[PDB]
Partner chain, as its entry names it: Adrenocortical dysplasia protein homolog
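So this first bit is one chain, no partners, the form deposited without its partner chain, shown in structure tokens.
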């Protein structure tokens, strides 16, 4: 009974960990070990934001953090000058049982024609998080913007650059070169918006949700630490949706408890067979070899 299986390179035979620790990097192996321990055991913390370029890892903002970022609004009132362009028709909200500077909403055109409420992109100006949450509940896509000087500009990259219902898309604060909002006119399709096109139209390098864990693997032959950076292949659970779904995180809780069950000794632990790759690092004056799991998924059990 193996807990994980290989999704590729199955022709490979198993290599014991004693051999791997003695060898060079980079190389790839097939192993079969037991999960002695894992970090972080707080699985709410294992979900991070990853940039495919700078390779940074940052935490996912809590609703409290997102509250403070949005509550500030910006440095000025929404410039009435920047309304009803050749890109969006605008409606200004009030402070009338509503809060903020002045909540302005800009419905980007479907190239001349306004959309309905079912497939429309919204630019909201100086809105609190609660106002953004209600509007993202009614419309498909929402972007937090702010009045700059010559054009609307994104609020801040610490806030999501695109909100589609309950999914929050973030960008890299160091690899991105923010373009002003008018560049959204270069979008081909103006009825459906995916984050890749929106981010590039705005010069944003989109972050990716990832599980980040360090498995301590032991086959009795030796002990090895393997990194897991995964979207949705390993656990077969989307990391972009696990942080907000009580069942998703529970079934991930249950997979870790299956690999490394508390109160149980290592004999009853199930075998994890994985495909790992080694790579070099200049860890101090010496030389470390780190290991990462690839092409490995959990076996058939929910």
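Positions refer to the first chain, counted from 1. Rigid core (definition): largest C-alpha set, two forms, superposition within 1.5 Å.
Another form exists, deposited with its partner chain bound; not displayed. Remarks below refer to it.
(request) Go through 223, 114, 194, 80 and name the one with a heavy atom inside 4.5 Å of its partner chain in the deposited bound form. (result) By the 4.5 Å criterion, the partner-contacting residue is 114.
(request) Determine which one of 195-203, 175-183, 153-161, 85-93 lies within 4.5 Å of its partner chain in the deposited bound form, judging by heavy atom distances; exactly one does. (result) So the stretch in question is 85-93.
(request) Can you work out whether its partner chain is within 4.5 angstroms of a heavy atom in all three of 63, 135 and 138 in the deposited bound form? (result) Affirmative, all three are within 4.5 Å.
(message) Taking its partner chain as it sits in the deposited bound form, is residue 280 near enough to touch it, meaning that at least one heavy atom pair lies within 4.5 angstroms?
(response) Yes - in the deposited bound form, heavy atoms of residue 280 and its partner chain come within 4.5 Å of each other.
(message) Quick check on residue 57: any heavy atom within 4.5 Å of its partner chain in the deposited bound form?
(response) Output for residue 57 is yes: heavy atoms within 4.5 Å of its partner chain.
(message) So in the deposited bound form, is its partner chain close enough to residue 216 to count as touching (4.5 Å, heavy atoms)?
(response) Looking in the deposited bound form, residue contacts with its partner chain do not include residue 216, since no heavy atom lies within 4.5 Å.
(message) Is it the case that residue 232, even though its partner is missing from this view, gets within 4.5 Å of its partner chain in the deposited bound form, heavy atoms only?
(response) Residue 232: no, not in contact with its partner chain in the deposited bound form.
(request) Once the rigid core is lined up, just say which one of 133, 205, 198, 157 has a C-alpha that travels 2 Å or more between this form and the one not shown. (result) Comparing both forms, the shifted residue turns out to be 133.
(message) Rigid core aligned, does the Cα position of residue 176 differ by 2 Å or more between this form and the one not shown?
(response) The answer is no, as the C-alpha of residue 176 shifts between this form and the one not shown by less than 2 Å after core alignment.
(message) Once you overlay the rigid core, does the Cα of residue 226 travel 2 Å or further between this form and the one not shown?
(response) The answer is no, as the C-alpha of residue 226 shifts between this form and the one not shown by less than 2 Å after core alignment.
(message) When the rigid core is used for the superposition, does residue 216 move between this form and the one not shown (threshold: C-alpha shift of 2 Å or more)?
(response) Moves: no, less than 2 Å.
(request) Explain in one word, closer or farther, how the Cα atoms of residue 173 and residue 83 are placed in the deposited bound form relative to this form, where the distance changes by 3 Å or more. (result) Here the pair is closer than in the deposited bound form; there, farther apart.
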